[PDB]
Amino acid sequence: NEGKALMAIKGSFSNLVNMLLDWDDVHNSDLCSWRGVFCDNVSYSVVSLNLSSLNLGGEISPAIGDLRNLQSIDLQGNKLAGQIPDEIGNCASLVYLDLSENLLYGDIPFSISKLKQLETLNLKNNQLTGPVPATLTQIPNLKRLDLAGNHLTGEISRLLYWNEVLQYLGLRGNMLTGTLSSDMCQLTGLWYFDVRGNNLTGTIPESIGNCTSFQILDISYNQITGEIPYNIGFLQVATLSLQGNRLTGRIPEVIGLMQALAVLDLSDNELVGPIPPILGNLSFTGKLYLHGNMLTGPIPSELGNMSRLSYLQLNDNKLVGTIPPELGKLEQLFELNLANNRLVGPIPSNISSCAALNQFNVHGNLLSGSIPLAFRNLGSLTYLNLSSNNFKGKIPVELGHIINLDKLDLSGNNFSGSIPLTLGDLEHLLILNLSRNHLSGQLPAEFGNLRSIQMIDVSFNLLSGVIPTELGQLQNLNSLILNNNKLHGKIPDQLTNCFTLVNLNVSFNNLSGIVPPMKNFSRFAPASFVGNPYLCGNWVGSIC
């Protein structure tokens, strides 16, 4: 009788090659010891079925409704298709239902509302379509409602928000329209509110400060308009995720009193005005994402009072002034992105006290002076984008002693001197863009030691000498851009051993000779070699 149902559930799968060989109603007498089934030790009836992560690949048989004493179902990660069968609704004792990570389609069945004992409804990441029905408000014990990763439609009826026992409202990534409601703060027991990635218009309700039980508020990427209400300051959230919307106005200063905050993301909106300095006393936040707005004024030096700040993104704004030296108090700063602003002055030396600093990006500003020497102390540095600025001086020798550098962009500046040979021993370097400067001397042959390198750009400089012949050793180099220099001599024959060299631009030099047989000569641009007087090829502007 129960083995009947278990056998139908097995038979409704597909890819069960050597999978449920346990399940054999006649060669395996005890159905209470088959793979993934659990009975209670008194009636020996199925109460819990966990076939997680087996890729059984079929459908969910209606016979699952014939295990009346089921308390837990876990069919996650099995490439299951079809609709959620109505018969799950007559699993009256069901307490936990997890169908996440499958390919189930259709509506959330009406029979789901018959499960008066249900506490966890996890339907994450399927192809479910249709509305979030009001019937889910008829589940008196539901604590976890995770419907993320589907194609659900319609509005979030405010009927849903009248619930005292709900803990987790996960609706991320659907196509939900309409608005938030003020009744949102009636979710008096909720700790997680996630509606990111939908299409909800309207504004943030002004009474949202009544939602004091929330631990994570996430309404990001949603097309929400209006301003940030003052009462946002009464939230006790640790995560406030408002990014990717159409918010206007200034940043409410009251956000500076939310000391329980750990992640503050106001980015990719249309905010204006200054960065409120009160943000300094946010001594427990580790992520401050204010990028992609129209902010104005300085990087407040009080940002250095954020002891636990680790990820600071202020890029794509309109900030002015200097980089505050007090940023060097952030001993735990991991990533610093000040790109695309109007900052001014030197890179502060004190920023070498951010020992754990891992990515540093000041691209697109008006910074001045030289790279301070204390940057050699940034041992953990990995991404270094000083591009498009007004730096001067020579590329420091010590820059080569940052062993973990994999992306180095000094382009678009006014660097002088010759390239340090230590740049050649950046073992893990993948991208090296030194173009658009005043670099002189020879192109270093030590660049041959760049084991991992894939892109080398040193165009628009004053480089002289010869194209280093050791570049042929570079087995991952796919882009070699040397144009607009004063390199002379012949294009090395060893460049043919660059197994992956797809793009090469050595035009506008003093190169002579012919081009050697390249195994990817046709993938090059037409003007790859123009502007070399004594270079002999089959193009206009050559003597041949």
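Quick note: we count residues from 1 along the sequence shown, nothing fancier.
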Review point. In the PDB record, does 349-357 or 386-394 carry the higher mean Cα temperature factor?
Key: 349-357
Check your understanding: Mean C-alpha B factor from the entry: is it higher for 92-100 or for 126-134?
Key -> 126-134
Check your understanding: Between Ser72, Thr188, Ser310, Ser113, which one tops the list for C-alpha B-factor in the PDB entry?
Key -> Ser310
Practice item. Name the residue from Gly379, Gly170, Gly149, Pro140 with the greatest C-alpha temperature factor listed in the entry. Key: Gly379
Revision key, fill the gap. Here the Cα B-factor of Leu176, set against its chain, lands in the third termed middle
Review point. Which third of the chain holds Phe38 when residues are ordered by C-alpha B factor: lowest, middle or highest?
Key: lowest
Check your understanding: Within this chain, which third does the Cα B-factor at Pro62 fall in: lowest, middle or highest?
Key -> middle
Point to revise | Chain-wide C-alpha B factor ranking for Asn281, given as lowest, middle or highest third | key: highest
**Study point:** Within-chain third of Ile108 by Cα B-factor, per the entry
**Key:** lowest
